[PDB]
$ cat my_file-v9.tsv   # TSV, N, CA and C atoms
chain	number	residue	atom	x	y	z
Y	270	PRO	N	-19.99	-21.85	17.81
Y	270	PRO	CA	-19.23	-22.37	18.95
Y	270	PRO	C	-18.80	-21.24	19.87
Y	271	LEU	N	-18.88	-21.48	21.18
Y	271	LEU	CA	-18.48	-20.45	22.12
Y	271	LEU	C	-17.03	-20.04	21.91
Y	272	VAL	N	-16.17	-20.99	21.54
Y	272	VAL	CA	-14.78	-20.66	21.25
Y	272	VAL	C	-14.70	-19.72	20.06
Y	273	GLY	N	-15.48	-19.99	19.01
Y	273	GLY	CA	-15.48	-19.12	17.85
Y	273	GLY	C	-15.99	-17.73	18.17
Y	274	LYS	N	-17.06	-17.65	18.96
Y	274	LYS	CA	-17.59	-16.35	19.36
Y	274	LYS	C	-16.56	-15.57	20.18
Y	275	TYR	N	-15.89	-16.24	21.11
Y	275	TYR	CA	-14.90	-15.57	21.94
Y	275	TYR	C	-13.72	-15.08	21.11
Y	276	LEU	N	-13.28	-15.90	20.14
Y	276	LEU	CA	-12.21	-15.45	19.25
Y	276	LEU	C	-12.66	-14.27	18.41
Y	277	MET	N	-13.90	-14.28	17.94
Y	277	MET	CA	-14.41	-13.15	17.16
Y	277	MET	C	-14.40	-11.87	17.99
Y	278	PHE	N	-14.88	-11.96	19.23
Y	278	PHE	CA	-14.89	-10.79	20.10
Y	278	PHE	C	-13.47	-10.30	20.37
Y	279	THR	N	-12.53	-11.23	20.56
Y	279	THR	CA	-11.14	-10.83	20.77
Y	279	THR	C	-10.58	-10.14	19.54
Y	280	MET	N	-10.92	-10.63	18.34
Y	280	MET	CA	-10.43	-9.98	17.13
Y	280	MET	C	-10.99	-8.57	17.01
Y	281	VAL	N	-12.26	-8.38	17.36
Y	281	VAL	CA	-12.82	-7.03	17.35
Y	281	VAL	C	-12.06	-6.13	18.32
Y	282	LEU	N	-11.79	-6.64	19.53
Y	282	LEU	CA	-11.04	-5.86	20.50
Y	282	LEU	C	-9.66	-5.50	19.96
Y	283	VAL	N	-9.01	-6.44	19.28
Y	283	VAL	CA	-7.66	-6.19	18.79
Y	283	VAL	C	-7.67	-5.16	17.67
Y	284	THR	N	-8.70	-5.19	16.81
Y	284	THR	CA	-8.81	-4.14	15.80
Y	284	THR	C	-9.00	-2.78	16.45
Y	285	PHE	N	-9.86	-2.71	17.47
Y	285	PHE	CA	-10.01	-1.46	18.20
Y	285	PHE	C	-8.67	-1.03	18.79
Y	286	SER	N	-7.89	-1.98	19.29
Y	286	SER	CA	-6.58	-1.66	19.85
Y	286	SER	C	-5.63	-1.15	18.78
Y	287	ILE	N	-5.72	-1.68	17.55
Y	287	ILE	CA	-4.88	-1.17	16.47
Y	287	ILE	C	-5.22	0.29	16.18
Y	288	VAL	N	-6.52	0.60	16.11
Y	288	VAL	CA	-6.92	1.99	15.87
Y	288	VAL	C	-6.42	2.88	17.00
Y	289	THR	N	-6.59	2.43	18.25
Y	289	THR	CA	-6.15	3.22	19.39
Y	289	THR	C	-4.64	3.41	19.38
Y	290	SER	N	-3.89	2.38	19.01
Y	290	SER	CA	-2.44	2.50	18.96
Y	290	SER	C	-2.01	3.46	17.86
Y	291	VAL	N	-2.72	3.47	16.73
Y	291	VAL	CA	-2.42	4.45	15.70
Y	291	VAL	C	-2.63	5.86	16.24
Y	292	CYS	N	-3.75	6.08	16.93
Y	292	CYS	CA	-4.01	7.40	17.49
Y	292	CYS	C	-2.94	7.78	18.50
Y	293	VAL	N	-2.54	6.84	19.35
Y	293	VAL	CA	-1.56	7.14	20.39
Y	293	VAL	C	-0.20	7.42	19.77
Y	294	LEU	N	0.16	6.69	18.72
Y	294	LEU	CA	1.42	6.98	18.04
Y	294	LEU	C	1.38	8.37	17.41
Y	295	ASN	N	0.23	8.75	16.84
Y	295	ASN	CA	0.12	10.10	16.30
Y	295	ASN	C	0.28	11.15	17.39
Y	296	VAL	N	-0.34	10.93	18.55
Y	296	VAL	CA	-0.23	11.89	19.65
Y	296	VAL	C	1.21	11.97	20.15
Y	297	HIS	N	1.86	10.82	20.27
Y	297	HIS	CA	3.20	10.78	20.86
Y	297	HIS	C	4.19	11.61	20.06
Y	298	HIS	N	4.14	11.52	18.74
Y	298	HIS	CA	5.13	12.16	17.88
Y	298	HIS	C	4.66	13.56	17.48
Y	299	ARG	N	4.41	14.38	18.49
Y	299	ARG	CA	4.00	15.77	18.31
Y	299	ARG	C	4.98	16.67	19.04
Y	300	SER	N	5.31	17.79	18.41
Y	300	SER	CA	6.25	18.76	18.95
Y	300	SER	C	5.62	20.14	18.93
Y	301	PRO	N	6.08	21.05	19.79
Y	301	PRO	CA	5.49	22.39	19.80
Y	301	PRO	C	5.65	23.14	18.50
Y	302	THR	N	6.55	22.70	17.62
Y	302	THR	CA	6.76	23.34	16.34
Y	302	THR	C	5.77	22.89	15.28
Y	303	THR	N	4.91	21.92	15.58
Y	303	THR	CA	3.92	21.43	14.62
Y	303	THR	C	2.51	21.33	15.18
Y	304	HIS	N	2.35	21.20	16.50
Y	304	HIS	CA	1.03	21.18	17.11
Y	304	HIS	C	1.03	22.06	18.35
Y	305	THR	N	-0.12	22.65	18.64
Y	305	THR	CA	-0.32	23.47	19.82
Y	305	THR	C	-1.30	22.77	20.74
Y	306	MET	N	-0.91	22.61	22.00
Y	306	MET	CA	-1.72	21.89	22.98
Y	306	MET	C	-2.76	22.84	23.57
Y	307	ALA	N	-4.03	22.49	23.41
Y	307	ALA	CA	-5.09	23.34	23.94
Y	307	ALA	C	-5.09	23.30	25.46
Y	308	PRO	N	-5.53	24.39	26.11
Y	308	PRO	CA	-5.53	24.39	27.59
Y	308	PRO	C	-6.33	23.25	28.18
Y	309	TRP	N	-7.46	22.89	27.57
Y	309	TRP	CA	-8.26	21.80	28.10
Y	309	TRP	C	-7.49	20.49	28.06
Y	310	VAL	N	-6.71	20.28	27.00
Y	310	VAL	CA	-5.87	19.08	26.92
Y	310	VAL	C	-4.93	19.03	28.11
Y	311	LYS	N	-4.30	20.16	28.42
Y	311	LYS	CA	-3.43	20.23	29.59
Y	311	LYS	C	-4.22	19.83	30.83
Y	312	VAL	N	-5.23	20.63	31.17
Y	312	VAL	CA	-5.90	20.47	32.46
Y	312	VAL	C	-6.47	19.07	32.61
Y	313	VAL	N	-6.79	18.40	31.50
Y	313	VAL	CA	-7.33	17.05	31.60
Y	313	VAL	C	-6.18	16.06	31.73
Y	314	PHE	N	-5.38	15.93	30.68
Y	314	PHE	CA	-4.48	14.79	30.58
Y	314	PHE	C	-3.25	14.90	31.47
Y	315	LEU	N	-2.80	16.11	31.80
Y	315	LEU	CA	-1.62	16.26	32.63
Y	315	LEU	C	-1.93	16.47	34.11
Y	316	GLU	N	-3.19	16.76	34.46
Y	316	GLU	CA	-3.57	16.99	35.85
Y	316	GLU	C	-4.57	15.96	36.35
Y	317	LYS	N	-5.72	15.80	35.70
Y	317	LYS	CA	-6.82	15.05	36.29
Y	317	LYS	C	-6.71	13.56	36.00
Y	318	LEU	N	-6.67	13.19	34.73
Y	318	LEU	CA	-6.64	11.77	34.38
Y	318	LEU	C	-5.47	11.04	35.02
Y	319	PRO	N	-4.24	11.57	35.03
Y	319	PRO	CA	-3.15	10.85	35.70
Y	319	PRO	C	-3.42	10.58	37.16
Y	320	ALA	N	-4.08	11.50	37.86
Y	320	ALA	CA	-4.38	11.28	39.27
Y	320	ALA	C	-5.29	10.06	39.44
Y	321	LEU	N	-6.30	9.93	38.59
Y	321	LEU	CA	-7.21	8.79	38.69
Y	321	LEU	C	-6.49	7.48	38.47
Y	322	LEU	N	-5.49	7.46	37.58
Y	322	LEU	CA	-4.76	6.25	37.24
Y	322	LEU	C	-3.51	6.05	38.09
Y	323	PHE	N	-3.28	6.89	39.09
Y	323	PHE	CA	-2.12	6.75	39.97
Y	323	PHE	C	-0.82	6.80	39.16
Y	324	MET	N	-0.57	7.96	38.57
Y	324	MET	CA	0.62	8.19	37.75
Y	324	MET	C	1.47	9.34	38.25
Y	325	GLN	N	0.85	10.42	38.73
Y	325	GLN	CA	1.55	11.49	39.45
Y	325	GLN	C	2.81	11.93	38.71
Y	326	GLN	N	2.58	12.55	37.54
Y	326	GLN	CA	3.66	13.09	36.72
Y	326	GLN	C	4.71	13.74	37.61
Y	327	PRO	N	5.99	13.37	37.47
Y	327	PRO	CA	7.00	13.95	38.36
Y	327	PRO	C	7.05	15.47	38.31
Y	328	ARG	N	6.89	16.05	37.12
Y	328	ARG	CA	6.86	17.50	36.97
Y	328	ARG	C	8.02	18.16	37.71
Y	329	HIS	N	9.20	17.57	37.59
Y	329	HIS	CA	10.37	18.08	38.29
Y	329	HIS	C	10.87	19.39	37.68
U	332	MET	N	-6.05	23.00	9.69
U	332	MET	CA	-4.82	22.77	10.44
U	332	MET	C	-4.07	24.09	10.52
U	333	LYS	N	-3.79	24.54	11.74
U	333	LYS	CA	-3.11	25.81	11.97
U	333	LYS	C	-1.73	25.51	12.54
U	334	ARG	N	-0.70	25.75	11.74
U	334	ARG	CA	0.66	25.54	12.21
U	334	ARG	C	0.99	26.55	13.31
U	335	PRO	N	1.61	26.11	14.40
U	335	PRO	CA	2.02	27.08	15.43
U	335	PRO	C	2.98	28.11	14.86
U	336	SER	N	2.81	29.36	15.29
U	336	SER	CA	3.65	30.46	14.83
U	336	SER	C	4.95	30.44	15.63
U	337	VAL	N	5.87	29.58	15.18
U	337	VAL	CA	7.16	29.40	15.82
U	337	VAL	C	8.24	29.92	14.89
U	338	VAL	N	9.11	30.77	15.41
U	338	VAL	CA	10.23	31.33	14.66
U	338	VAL	C	11.48	30.60	15.12
U	339	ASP	N	11.87	29.57	14.38
U	339	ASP	CA	13.05	28.78	14.70
U	339	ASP	C	14.27	29.42	14.04
U	340	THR	N	15.25	29.81	14.85
U	340	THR	CA	16.40	30.54	14.33
U	340	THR	C	17.19	29.70	13.33
U	341	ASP	N	17.42	28.43	13.65
U	341	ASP	CA	18.22	27.58	12.78
U	341	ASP	C	17.48	27.34	11.47
U	342	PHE	N	18.10	27.76	10.36
U	342	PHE	CA	17.48	27.59	9.05
U	342	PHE	C	17.59	26.17	8.53
U	343	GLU	N	18.44	25.33	9.12
U	343	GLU	CA	18.51	23.92	8.76
U	343	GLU	C	17.50	23.07	9.51
U	344	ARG	N	17.29	23.34	10.80
U	344	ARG	CA	16.23	22.66	11.53
U	344	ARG	C	14.86	23.16	11.11
U	345	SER	N	14.73	24.46	10.84
U	345	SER	CA	13.45	24.99	10.40
U	345	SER	C	13.03	24.40	9.06
U	346	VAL	N	13.97	24.29	8.12
U	346	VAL	CA	13.63	23.72	6.82
U	346	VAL	C	13.20	22.27	6.97
U	347	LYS	N	13.92	21.50	7.78
U	347	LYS	CA	13.49	20.14	8.06
U	347	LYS	C	12.06	20.13	8.59
U	348	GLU	N	11.80	20.93	9.62
U	348	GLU	CA	10.45	20.99	10.17
U	348	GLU	C	9.45	21.48	9.13
U	349	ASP	N	9.90	22.32	8.19
U	349	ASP	CA	9.04	22.66	7.06
U	349	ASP	C	8.74	21.43	6.22
U	350	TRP	N	9.76	20.61	5.95
U	350	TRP	CA	9.52	19.36	5.24
U	350	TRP	C	8.65	18.43	6.06
U	351	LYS	N	8.96	18.27	7.34
U	351	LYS	CA	8.18	17.38	8.18
U	351	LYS	C	6.71	17.79	8.21
U	352	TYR	N	6.44	19.09	8.12
U	352	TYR	CA	5.05	19.54	8.05
U	352	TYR	C	4.46	19.35	6.66
U	353	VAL	N	5.28	19.47	5.62
U	353	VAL	CA	4.78	19.22	4.27
U	353	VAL	C	4.39	17.76	4.11
U	354	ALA	N	5.14	16.86	4.74
U	354	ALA	CA	4.74	15.46	4.74
U	354	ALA	C	3.43	15.26	5.50
U	355	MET	N	3.30	15.91	6.66
U	355	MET	CA	2.09	15.74	7.45
U	355	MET	C	0.87	16.25	6.71
U	356	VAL	N	0.99	17.40	6.05
U	356	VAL	CA	-0.15	17.96	5.34
U	356	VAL	C	-0.59	17.03	4.21
U	357	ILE	N	0.38	16.49	3.46
U	357	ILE	CA	0.04	15.61	2.35
U	357	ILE	C	-0.76	14.41	2.86
U	358	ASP	N	-0.40	13.88	4.02
U	358	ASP	CA	-1.16	12.78	4.59
U	358	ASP	C	-2.60	13.19	4.85
U	359	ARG	N	-2.80	14.37	5.43
U	359	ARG	CA	-4.15	14.78	5.79
U	359	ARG	C	-5.01	15.01	4.56
U	360	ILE	N	-4.40	15.35	3.42
U	360	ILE	CA	-5.16	15.45	2.18
U	360	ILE	C	-5.75	14.09	1.83
U	361	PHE	N	-4.92	13.06	1.84
U	361	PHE	CA	-5.36	11.74	1.41
U	361	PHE	C	-6.20	11.05	2.47
U	362	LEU	N	-5.94	11.31	3.75
U	362	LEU	CA	-6.80	10.77	4.79
U	362	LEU	C	-8.24	11.24	4.60
U	363	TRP	N	-8.42	12.51	4.23
U	363	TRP	CA	-9.76	12.99	3.91
U	363	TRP	C	-10.28	12.38	2.62
U	364	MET	N	-9.43	12.30	1.59
U	364	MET	CA	-9.88	11.78	0.31
U	364	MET	C	-10.25	10.30	0.42
U	365	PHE	N	-9.38	9.51	1.05
U	365	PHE	CA	-9.65	8.08	1.16
U	365	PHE	C	-10.87	7.80	2.03
U	366	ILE	N	-11.01	8.53	3.13
U	366	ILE	CA	-12.19	8.36	3.98
U	366	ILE	C	-13.46	8.56	3.16
U	367	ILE	N	-13.47	9.60	2.33
U	367	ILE	CA	-14.64	9.86	1.50
U	367	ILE	C	-14.86	8.72	0.51
U	368	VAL	N	-13.79	8.29	-0.15
U	368	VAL	CA	-13.92	7.26	-1.18
U	368	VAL	C	-14.39	5.95	-0.57
U	369	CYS	N	-13.80	5.55	0.56
U	369	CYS	CA	-14.19	4.30	1.19
U	369	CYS	C	-15.67	4.30	1.54
U	370	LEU	N	-16.14	5.37	2.19
U	370	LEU	CA	-17.55	5.44	2.55
U	370	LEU	C	-18.43	5.45	1.31
U	371	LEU	N	-18.10	6.29	0.34
U	371	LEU	CA	-18.89	6.35	-0.89
U	371	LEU	C	-18.82	5.02	-1.64
U	372	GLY	N	-17.63	4.43	-1.72
U	372	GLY	CA	-17.51	3.17	-2.45
U	372	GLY	C	-18.31	2.06	-1.82
U	373	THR	N	-18.21	1.90	-0.50
U	373	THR	CA	-18.95	0.85	0.18
U	373	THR	C	-20.45	1.10	0.09
U	374	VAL	N	-20.88	2.32	0.43
U	374	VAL	CA	-22.30	2.65	0.30
U	374	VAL	C	-22.70	2.67	-1.17
U	375	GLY	N	-21.80	3.10	-2.05
U	375	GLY	CA	-22.09	3.12	-3.47
U	375	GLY	C	-22.00	1.78	-4.15
U	376	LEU	N	-21.69	0.72	-3.40
U	376	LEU	CA	-21.59	-0.63	-3.94
U	376	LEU	C	-22.56	-1.61	-3.30
U	377	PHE	N	-22.97	-1.39	-2.05
U	377	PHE	CA	-23.85	-2.32	-1.36
U	377	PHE	C	-25.22	-1.74	-1.04
U	378	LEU	N	-25.39	-0.42	-1.08
U	378	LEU	CA	-26.70	0.16	-0.80
U	378	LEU	C	-27.75	-0.26	-1.82
U	379	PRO	N	-27.50	-0.21	-3.13
U	379	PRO	CA	-28.57	-0.50	-4.10
U	379	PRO	C	-29.11	-1.90	-3.94
U	380	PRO	N	-28.26	-2.92	-3.80
U	380	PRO	CA	-28.80	-4.28	-3.61
U	380	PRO	C	-29.73	-4.40	-2.41
U	381	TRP	N	-29.42	-3.74	-1.30
U	381	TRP	CA	-30.30	-3.82	-0.14
U	381	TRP	C	-31.66	-3.19	-0.44
U	382	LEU	N	-31.67	-2.05	-1.13
U	382	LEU	CA	-32.91	-1.38	-1.50
U	382	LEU	C	-33.52	-2.10	-2.71

$ encode --input "my_file-v9.tsv" --output "structure tokens"
Amino acid sequence: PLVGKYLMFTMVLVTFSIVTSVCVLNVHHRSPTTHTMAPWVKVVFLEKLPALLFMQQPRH
Amino acid sequence: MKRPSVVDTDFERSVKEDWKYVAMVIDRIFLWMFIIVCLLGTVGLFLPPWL
């Protein structure tokens, strides 16, 4: 059934979202006393990617 | 895993962060162990029937 197929695809997406949320929670709870941020991580996530998504870190 | 070389003056916050890192390391031991077991167990349980 198309309804069953659509529900199956949604469940796959939600499992992927669970994995992604686990990764994001791991990233969020990081401090300079336990992890060191590589320069590439900086130049990507704090400069380039936010611009594409219209986020413009205040950087006050 | 390379812990950042941070010299935290407070011996009470540093010890906590030492504990917080000891907890993190223990997780990474089992994350590696369980990943291996799951893959080996699944492949070690369903591969022979297929072949």

$ atom_distance --input "my_file-v9.tsv" --atom1 "atom C of residue 350 of chain U" --atom2 "atom N of residue 293 of chain Y"
20.9 Å

$ interface_residues --input "my_file-v9.tsv" --of "chain Y" --to "chain U" --cutoff "10 Å" --atoms "only C-alpha atoms" --output "list in words"
residues 300, 301, 302, 303, 304, 305 and 306 of chain Y

$ atom_distance --input "my_file-v9.tsv" --atom1 "atom CA of residue 314 of chain Y" --atom2 "atom CA of residue 296 of chain Y"
12.1 Å
